[PDB]
Structures are given as structure tokens and as C-alpha cells.
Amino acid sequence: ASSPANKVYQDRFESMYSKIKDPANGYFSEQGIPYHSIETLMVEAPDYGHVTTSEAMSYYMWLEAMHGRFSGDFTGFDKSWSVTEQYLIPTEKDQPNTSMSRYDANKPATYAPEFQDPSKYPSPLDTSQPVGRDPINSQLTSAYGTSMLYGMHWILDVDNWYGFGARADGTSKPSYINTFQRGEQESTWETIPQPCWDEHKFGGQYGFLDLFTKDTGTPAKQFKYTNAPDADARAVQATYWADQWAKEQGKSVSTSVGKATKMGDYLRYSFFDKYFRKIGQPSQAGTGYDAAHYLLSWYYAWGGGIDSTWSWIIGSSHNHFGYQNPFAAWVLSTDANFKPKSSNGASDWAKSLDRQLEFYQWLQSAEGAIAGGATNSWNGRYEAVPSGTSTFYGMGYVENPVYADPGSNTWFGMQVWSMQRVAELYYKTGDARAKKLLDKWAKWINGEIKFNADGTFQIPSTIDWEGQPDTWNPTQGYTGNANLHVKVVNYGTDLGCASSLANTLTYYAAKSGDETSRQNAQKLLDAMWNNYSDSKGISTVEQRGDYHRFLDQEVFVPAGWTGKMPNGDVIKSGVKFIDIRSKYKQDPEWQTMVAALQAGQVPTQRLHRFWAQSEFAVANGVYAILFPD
């Protein structure tokens, strides 16, 4: 039987759950897939509100699991995994085994450089450049009897708003699409949405392929998928709690635990350098695990031919602290129920856990906030690391990993999302490394939470950095990083980040006894509940400072290249963001947004982001369980 939970906060969870699953509120599509946000005029990570992400699915799993904990009904949780496997994990039709089985573990992919500006793309493929060996593919095909990968593609066009359809039919929904392809300077506003399954039916003469990659011959028809490691790890994290809570009530989610374990087995592809180069010696091709940094990199991707049989898989050289998940690693390496079927699954995750906690500590600033990360591929072309640059196992420190527009580590959210996982690990194991990290971090953030007299509040929103950490010496440990500093540029009231912050503080407080963390966590939850509720959950008015890019952001297109989006929009040099997404002009909020830009004002919105709403719900649940009195 489950332990008693605080009545007050349990009801707040059940209330939020009802608002989120309420058909009338519109958080889900008719197929049961959750949208990024109710509102459609949305550009921040995905560039359309009703486009979904693997991140949303993982939050959908977390939400339903907590629901199982209070209702004894886990059918919703099992349903979230069904929808996921059905719509976000490419099926046999989407990633044909005929092509995947032609994969060569000794030659995973063909090298192609990365550029610091979108106008340098397409990037030319170079077969002369070295590529290391894939050591885990044999383990996976052996344990699962297939060459297909079991991981979630990160972004989905739920209602086929772009018109690409399923496998080029132009009419089916949902639709597998991708956006980012051209380096650190390609913001959400500078992409060219493209289909994952490219049969050359849309876009240019060869689909969208020659916009990003330049080969010696004709681009072949091909499919490609990209994973968001932090999302798959969160799915494992959520499934673990669902399992625990189910067993406390004599119920079972056995089937879901299996899917999660398999997903976690495949997630190991994020442990490797993009083109499998040795960690700390990027000029050499790896011979196996000497190419594994054992951290959750920005992604891993795979693709293959549609008309001909061949395929490739790549990891990532860039590592951001915000993507790490020490808890998921603890689960997959120590819990017998989540032991991956592959020969080295559990042991690799054991190595990942230790490597991740070292990564966090190495990046902890003098104040307590965690710095960006590191890369094994300087400038994305395996260039010489500038002298004086600090390193972590041979990898150079990077302030804003992967993206610089805006800097990937200028958003406060990465702080709470990632530290919340450390807090869960600390709560469950009392691990000393986690404690040392949370004591300092929690003292920093507790001094940055501002409560106003009228009930509202503010927390860090945008942050900046100065300096770099001292080179990591495993046997030396944390030096204190006196020259690494964080600066809070501005504060705000982001309800998603505030909820995640509450979650983190609650787990930490429950284990450490730190009253300051507990009372701040409760004050946040109470403030949000009392002052920001609406019939759809919670919200607040926020400014959309980048929305002017809707009209003045030019999209780069290679000289001589012309194509059409499914709806007819012409793709050519000179086009702006809106020019290749003309349907946005039919959005209910379009006139209001444009009116504000004309009046020289900053547009404002009252948004209901799915992950934010779920974050608030879960935060209430966690508190009700850890502080039953």
C-alpha cells in the first residue's frame, strides 16, 4: 500500500490532471498526441504550437505515472507508451530493416564538417576523413534481432500543418519532420522545415537534401531521424517511478518497463563521438569504446536509403550539462528490473553515472550554478583546441554547447531540469557526490528567488557567464572554480521553470532537512496556484521579444536553389521566416501580433505549454508525497 500523501497538494495535482486531460481544453490532438502548447502561434524550440516533441511525450509519461500513484489506475501510463511507440519511434515502415541491416559497424558514417554560419551549408561529405568503429551495434542486433533503432525522433508535425504527410503521401498525420541542420548560428527562425522521409517529392529537385549535404553525385532518396537524448532519459526516469508506485499498490506496468529498458539500451549511442573519434584525440579514428565520452550528448542520428540499401548512425561530440540524467543511469545500471538485455548495457550505464557526476562538478561555478559543457570536436571540425582552454578528459570547455542564437546555456531552465535529476538521485541513494553538488547549488538559487507582497514572484530567467572551470583532474576533484562566474541578466515568472525549481528543492529538502529549501518550494507552489490559475491550468502574460524575427529574419538559401513547400510557398534566396510558412497568416493571433509590431511594441502572449503544465502538476504530486504533513 502506498504511503499517505498530503491531501491539499494531492488535490491540486488531481485538479491539474483534469484540466490537462480535459477534451475541451485542447492539449491533445484527436490521435491522443500532446501538443507543445494549446496556442498555435508559437516559436521558441519548435516553430509551430501544434508540432510535438519527444520532450512532451516524456512529460506525458511523467504526468500519467503520478496519476497512477494517486488513482491506482495505470492504464493512462501504458497508453502514453503506446502512443509514443506508435507515433514517435519510427516503425518498420519508417526505417526499413532492408536498409538498416546493410549498416557497416566498421564505417558508421561519412564525415562532414560543421560551420559557424548557415550560409556555409551545404556541408561537403569527405570519405577521406577518418571515422571510428561502432562497438555497440553488434550487442543490440544480437539482443533484439533487428537493425532498427528503438529511440524517439525528437520533433513531430502532429496535424500535418506543413503538408509533408507520412512517407511523402502529403496527406497523412502525424508527419515526421526535422528542422535544425545548419550549425550553432541557425536559430529556430533560420531553419527550413524538411521531411524525415525524403523521396524528392517536395522542395527542390532532390527534395531538401542538397540544402544541407553535398555529395559527389546525385542525392539518393533517403530517411533520417534525430534523437533528443534528454527526452529518452526522462522517459526512463518516469517509467521507473511508475514501476515503483505500481508495485506499492499491487499493480503492474511490466510491458512499459520493457520498452523503457530497450530505449535505454539504444540511448547509449549518445555516449559516442559523432564520427566515433577517440575522446581527447579527435584526429584519430576510435577502435571502439575509446570513442565513448559516456555522457548524454546533444543527440544521435541515423538514416538510410529508400530506393537503395545502405545506412548510417552518428553520435554527437557536443555535451551540455542540461541533458545529463544521473538518475536514469542509476536505474539502468543498478535496478534488476531495468537491466538492458544487451551484454554491456548495465555496465556502460554504470560508467555513464560516474562520468556524469564528474561532469556536473567540473562545471560548477564559484557561485553554484552549472556552466555549459564540453566538446570533442572544436568548431565541429575536430580543430585544435585553443591554448589556455580548460578541458574535461581531453574535451574543450564550451560556454554555450551546440547553439549560440540564443546561447544554449543562457536559459535558466537548464539549471532546474538537470539538477532535479541529481536531487532524485540524492534522495534515493544519499550519494555523497550529489549532495556536495546540491548543497552549493541550492544555496545559490535560494538567494535568487524573489517573492513580492502582492503574491507574485520572480526567479532567474536569463543568465550569463564569465571565465571557465579549471582543467578537470579526476584524482584532484573540485577546485572550487574561482574564475568561473554566473550572472543573472534578468528575472521573470516562467511557470515551467518555477515548477521544476520547486520539484528540485522538494527532493533536496526531503533528504537534507534544509528548511529554507522546503519553505521556498512550498511558497512557489502556493503562489502559482493562488495567483496564476485559469480554467486550463496556469499561465501568465509574457513578452515575446524575438517575434519581430517573424517578419525581418531572412532565411539562407544557396545561390541557384529553388523549391516549394507543400502548400506552394516558393523557397529561394531572399525569403523571410514567414515567406515559407504563409499559413501562419491564418492563425487567430496573427493580426494581434502584427498590430503590436507595427505600433513598435513587443508582442505578449498568455501561453499554455504542455510540459510546463505537467511540470506544475508533477511538482504538486512530489510535494504531497515527500511532505505528507
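Numbers follow the displayed sequence, beginning with 1.
- Annotation for 520-528 versus 449-457: the higher mean temperature factor (C-alpha) is found in 449-457.
- Mean C-alpha B-factor is higher over 245-253 than over the other stretch, the pair under comparison being 73-81 and 245-253.
- Each of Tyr240, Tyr275, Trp298, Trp444 has a CA temperature factor in the record; the biggest one is found at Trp444.
- Out of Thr226, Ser408, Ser347, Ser500, the entry records its largest CA B-factor for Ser347.
- When all modelled residues of the chain are sorted by CA temperature factor, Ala423 is found within the lowest third.
- Ranked by C-alpha B-factor against the other modelled residues of its chain, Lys440 falls in the middle third.
- Looking at the C-alpha B-factors along this chain, the one for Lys564 belongs to the highest third.
- Looking at the C-alpha B-factors along this chain, the one for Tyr9 belongs to the highest third.
- The PDB entry assigns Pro122 a C-alpha temperature factor belonging to the middle third of its chain's modelled residues.
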